[PDB]
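Two separate entries follow, structure 1 and structure 2, each one form of the same protein chain as structure tokens.
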Structure 1
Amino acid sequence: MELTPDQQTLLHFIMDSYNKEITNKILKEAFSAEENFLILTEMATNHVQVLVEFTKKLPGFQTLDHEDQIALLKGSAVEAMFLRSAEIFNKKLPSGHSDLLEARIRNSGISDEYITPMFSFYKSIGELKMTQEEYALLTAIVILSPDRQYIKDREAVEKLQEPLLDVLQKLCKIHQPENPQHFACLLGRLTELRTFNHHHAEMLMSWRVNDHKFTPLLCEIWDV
């Protein structure tokens, strides 16, 4: 039971659009809570820009109604950002880069009560040993969620999400054959990923209180 030709076409489309980076020059800037926050918001803005570009290329996305396209993008932005962060946390980066990124996020006005779950979730993801295909598919599945608020046509979204889940199930069998619970483990992490919507909203209101200002794109997608 390998991938069918239409599944191979679907997977390649997802892969090509996913591999089109958030980290420019983190290093060129000084370390202090103010600069760490600005770097953080600059990387989150870059991530939203690449998310919109990936989303508009998902097969069938352009066929959906304009309002449902916006509901899917706003509803997924925070989860997709935590998933991408978990991918980067587990990415083999040069000697120091991960440590600088990690140190910047710990000194950016975020309470350690959010940092603890965040990094626990990130460590939990790395133990799964996901391939670039698993991260690309999981992102597409997160974006094409039929249970987001303000979707007028939910069956249309489910029709797009369904083939992606079928592909992910098959990849788990191919790439993780000794762990038959791997697919169920990935969907368990999606459930854990949804808890960050609440945590993010809390971090946002703490930043607002300390008069932090966000970039125009983050203001629109996060409703700040």
Structure 2
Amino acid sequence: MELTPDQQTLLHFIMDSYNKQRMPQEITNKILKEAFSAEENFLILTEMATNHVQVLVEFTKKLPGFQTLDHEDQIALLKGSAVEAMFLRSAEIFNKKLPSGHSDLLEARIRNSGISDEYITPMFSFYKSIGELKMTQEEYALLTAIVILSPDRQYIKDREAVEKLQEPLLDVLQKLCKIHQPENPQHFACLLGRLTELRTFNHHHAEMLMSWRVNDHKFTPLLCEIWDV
């Protein structure tokens, strides 16, 4: 029922690593401050996403048992989760509580950033469905770890080794769901259910980026490796 001393140690360690990320307020203050052109926003995106990959590699390396896994499986896990992790992180920031009108302005500024209409609705639909779970910082941190350590990712040679690392994180999240939401015993499965809608973003990330209303889609050598653009 309650977290064991080992699980509490694990949760605090995941939290410290997750807190090493770019501050959510810094990101929203910039978007809310002034409206930018589609070219300016594409460049902001390119810089934010490059930094995110760097932070994600550091977060991943600290995941218990990750560095004991086969090197090629390590690359396969990172490539498989990078885009999902950025959308989960973007979903977290989008649902952070702000003063009156700010969230409507944030949404309107993102809606006009340059992305094609085709991708705006599937994106805000995912963000709002994330918000309905009223997730805590710990739930976001554990879900990111769970997303990274997915055994059913393509090109993984040893699934069972990945399975063994994901299982203790799934147990910690399950216990937190029961503690944080005792009235709703469905909460854990609802949280896991959101991972399938996250997976759909991998199929159309490349198009979502190429369809951006800009004359030239210039990416960084790190984004070219992780995104396949």
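Whichever C-alpha set is largest while still superposing within 1.5 Å between the two forms counts as the rigid core. Residue numbering: sequential along structure 1, first residue numbered 1.
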query	finding
Post core alignment: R104 C-alpha displaced by 2 Å or more between structure 1 and structure 2	yes
Threshold 2 Å Cα movement between structure 1 and structure 2 at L27, rigid core reference	yes
Post core alignment: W207 C-alpha displaced by 2 Å or more between structure 1 and structure 2	yes
Core-aligned Cα shift of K92 between structure 1 and structure 2, given in Å	2.9
